[PDB]
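Convention: sequence-line order gives letters A, B, ...; per-chain numbering from 1.
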Amino acid sequence: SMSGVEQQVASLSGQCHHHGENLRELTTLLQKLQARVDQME
Amino acid sequence: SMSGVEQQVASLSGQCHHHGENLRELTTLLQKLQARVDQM
Amino acid sequence: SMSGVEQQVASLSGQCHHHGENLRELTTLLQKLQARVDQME
C-alpha cells in the first residue's frame, strides 16, 4: 500500500507541476492582453 | 495510517482535477476576450 | 516512511492551495479586463 501511495504522489506532483506551468502561461497572456487594452484606450 | 494517507491522496487528486477544470475554463474565457479585443 | 509520505502529501497539499489562490487571482484580473473591454465597445 505504501508503494501505491508513493506512485500516486509522484503522479500528483507531475500534474501539480503541469498546472503551475499553465498558470504561468495564462498569467503571461493576461498581462499581454492588459497592455494591449491599455494601449487601445 | 496507510488508509488515512490514501484518503488524503485521493482528496488531493480531486482538488487537482478541480484546478484543471478551472484552468480550462479560464483559458476559454481568455480566448473569447482576446478575440473581442482583436475585433476592436 | 509513512511519515515521510505524510510530508510529501503535505508538500503537495500546500501547492494545491497556492494554486487555488493563483486561480482566484487570475479569475479576478480576467473579470476586470472583461469589464474594461466592455467599456471600450
Side-chain angles (χ1 to χ4, degrees):
Chain A
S1 61
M2 169 81 56
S3 69
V5 181
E6 296 171 355
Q7 190 58 37
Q8 183 73 352
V9 162
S11 323
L12 262 298
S13 301
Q15 306 162 37
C16 173
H17 162 79
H18 201 279
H19 291 177
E21 280 301 289
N22 291 338
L23 280 161
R24 166 205 49 84
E25 184 169 353
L26 287 180
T27 307
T28 290
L29 303 177
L30 201 51
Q31 293 170 339
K32 177 183 181 180
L33 252 195
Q34 292 169 179
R36 284 181 59 208
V37 170
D38 179 273
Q39 271 277 342
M40 295 183 69
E41 288 171 333
Chain B
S1 174
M2 306 298 180
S3 310
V5 184
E6 292 171 335
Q7 297 137 9
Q8 302 174 36
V9 178
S11 181
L12 273 53
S13 184
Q15 291 172 322
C16 179
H17 176 265
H18 189 225
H19 286 354
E21 296 301 306
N22 288 337
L23 282 163
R24 179 208 308 127
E25 171 173 336
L26 260 290
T27 302
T28 307
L29 295 190
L30 176 63
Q31 296 169 354
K32 277 148 185 175
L33 192 59
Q34 184 170 3
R36 193 148 74 123
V37 174
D38 298 330
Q39 291 161 16
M40 275 179 296
Chain C
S1 57
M2 168 157 28
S3 317
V5 167
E6 264 163 10
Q7 295 314 299
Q8 305 167 27
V9 170
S11 184
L12 290 182
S13 184
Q15 300 172 214
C16 126
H17 286 62
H18 185 54
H19 279 358
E21 289 182 320
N22 299 321
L23 286 159
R24 289 307 186 186
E25 177 207 338
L26 290 185
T27 301
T28 292
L29 289 155
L30 185 122
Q31 279 163 354
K32 298 179 60 158
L33 251 186
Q34 275 192 258
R36 207 182 178 187
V37 167
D38 199 75
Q39 308 154 21
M40 295 204 305
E41 296 165 310

Q: Judged by atom type as modelled, is there a donor-acceptor pair below 3.5 Å linking the side chain of B:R36 to the main-chain atoms of C:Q34?
A: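 Here the side-chain-to-backbone pair exists.
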Q: Please check: side-chain N/O of A:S13 versus main-chain N/O of A:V9, any donor-acceptor pairing under 3.5 Å?
A: yes
Q: Nearest 0.5 Å please: distance from the NE2 atom of A:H19 over to the NE2 atom of B:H19.
A: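 The distance works out to 8.5 Å.
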Q: When rounded to the nearest 0.5 angstrom, what distance separates CG in A:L26 from CG in C:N22?
A: 11.0 Å
Q: Got a sec: does the CD of A:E41 have more than 12 other heavy atoms crowding it under 6.0 Å?
A: yes
Q: How long is the span from the CG atom in C:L30 to the CG atom in A:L29, to the nearest 0.5 Å?
A: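 If I round to the nearest 0.5 Å, the distance is 11.0 Å.
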Q: When you measure from the side chain of C:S11 to the backbone N and O of C:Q7, does any donor-acceptor pair fall under 3.5 Å?
A: no
Q: Indicate, with yes or no, if B:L12 and A:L23 share a hydrophobic cluster defined by side-chain heavy-atom contacts under 4.5 Å among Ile, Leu, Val, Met, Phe, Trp and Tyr.
A: no
Q: List for me each residue that meets side chain to side chain contact (heavy atoms under 4.5 Å, CB included) alongside B:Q39, sequence neighbours excluded, and say none if there are none.
A: B:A35
Q: Quick one, A:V5 and B:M2 - any side-chain contact, counting heavy atoms below 4.5 Å?
A: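 No - every pair of side-chain heavy atoms lies 4.5 Å or more apart.
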Q: Rounded to the nearest 0.5 Å, how far does CG of C:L33 lie from CG of A:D38?
A: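 Rounded to the nearest 0.5 Å, the CG-CG separation comes out at 10.0 Å.
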Q: How close do A:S1 and B:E6 get, heavy atom to heavy atom, and via which atoms?
A: CB-OE2, 3.6 Å
Q: Per the side-chain contact (heavy atoms from CB on, under 4.5 Å) rule, which among B:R24, B:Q31, B:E25 passes with B:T27?
A: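 Result: among B:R24, B:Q31, B:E25, B:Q31 is the only option passing the side-chain contact (heavy atoms from CB on, under 4.5 Å) with B:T27.
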Q: Tell me yes or no: between the side chains of B:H17 and B:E21, is some donor less than 3.5 Å from an acceptor?
A: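 Yes - a donor-acceptor pair under 3.5 Å links their side chains.
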